[PDB]
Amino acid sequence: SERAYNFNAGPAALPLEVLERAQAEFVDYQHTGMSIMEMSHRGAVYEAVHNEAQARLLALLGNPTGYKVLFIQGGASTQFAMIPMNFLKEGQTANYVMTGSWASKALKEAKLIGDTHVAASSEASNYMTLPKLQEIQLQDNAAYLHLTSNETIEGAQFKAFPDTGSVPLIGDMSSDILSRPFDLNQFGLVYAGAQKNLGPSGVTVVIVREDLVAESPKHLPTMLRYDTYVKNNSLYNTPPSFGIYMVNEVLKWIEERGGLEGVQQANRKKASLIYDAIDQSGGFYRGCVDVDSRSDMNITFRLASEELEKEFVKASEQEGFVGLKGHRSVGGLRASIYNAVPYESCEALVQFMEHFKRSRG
């Protein structure tokens, strides 16, 4: 019954209220004598949940029109392949903004499908300085422009997105979707593994401009065509029904929290406390990206040595913290502070950080 101070990066914290709600009806959903997990995906009870989740997500975004919410299995990683498979034609280039680890994974899959183009890159800065929007330049034969809204491993995040005109803009928002208002109409496609900022694992949310996916390439595996999901409302085959049920519950909670403006305000407050702890640390803590590139979802920082960082992690685990060790490719520390991470976890972290600084520095 004490809750861990959970800073896991993915899967990650869920709202305690959502866990309590789901637990209470886990065996018997609405006196039907079945769990939601045991019901037909083509029955009216599940279909209501499946359709409600889509409607609530669009409503959180201000009810843009012309977009379909799809639920696809396979994680954001499968979208790295499915996007160029569906949109990259011979003679075109899949254009990427290269901001760090997840942009790199995305470009990797596109290179297997066709020609690609790096439209902008922060590699020269070791991904610490995001490209300004002015630096993004598309090749003329661009099929699309793909960016990563929040680079979960490096701790960098775009505050705004480019206008790409008639080229579809595609965003991997896995680690920041529904953390903040954005205008969906800038995008032809946004996607997110649900387990980062929504919390359930096994479902990827893909929100796509219907006009972009009316006819998918006919040589593709059925399950890798977007029109399979559009034409069948993500029910062509059995969906991840418990995951979608849990997404529905999380969307209700976001609405209760004041929608995207409310969670944004709450997350800015959380992030501000922790960045202030780094920025007022006497050099004991240092951030891992430039101030103007800082993420409000994944705060990355370093100590003077790897040995100190190991010590910090170990001590933090003894005090109830989970997940603060940075991803292994980059080291350091990473405090993931997705919507459902409570401010009290962040206050505890800053207190811990003050103690460790005082005793080890």
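From 1 onward, residues are counted along the sequence shown.
Engineer: Using only C-alpha atoms and the B-factors in the entry, which stretch averages higher, 157-165 or 97-105?
Structural biologist: Taking the mean B-factor of the alpha carbons in each, 157-165 is higher.
Engineer: Is the mean CA B factor in the deposited entry higher across 107-115 or across 202-210?
Structural biologist: Stretch with the higher mean C-alpha B-factor: 107-115.
Engineer: Using the entry's values, work out which of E319, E38, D28, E52 has the largest Cα B factor.
Structural biologist: Checking the PDB record, the top C-alpha B-factor among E319, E38, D28, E52 is at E319.
Engineer: Would you mind finding, among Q73, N197, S234, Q264, the residue with the largest C-alpha temperature factor in the entry?
Structural biologist: Going by the entry's C-alpha B-factors, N197 comes out highest.
Engineer: Thinking about Cα B factors across the chain, which third does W253 belong to?
Structural biologist: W253: CA B-factor falls in the lowest third of its chain.
Engineer: Could you place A271 in the lowest, middle or highest third of its chain by Cα temperature factor, using the values in the record?
Structural biologist: Lowest third of the chain for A271's C-alpha B-factor.
Engineer: Lowest, middle or highest third of the chain for the C-alpha temperature factor of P181?
Structural biologist: Tercile = middle for this residue's CA B-factor.
Engineer: Using the B-factors in the PDB entry, rank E347's C-alpha atom against the chain and give the third, lowest, middle or highest.
Structural biologist: For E347, the deposited C-alpha B-factor lands in the middle third.
Engineer: Check where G171 lands among this chain's C-alpha B-factors and tell me if it's the lowest, middle or highest third.
Structural biologist: For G171, whose C-alpha B-factor we compare with every modelled residue in the chain, the answer is the lowest third.
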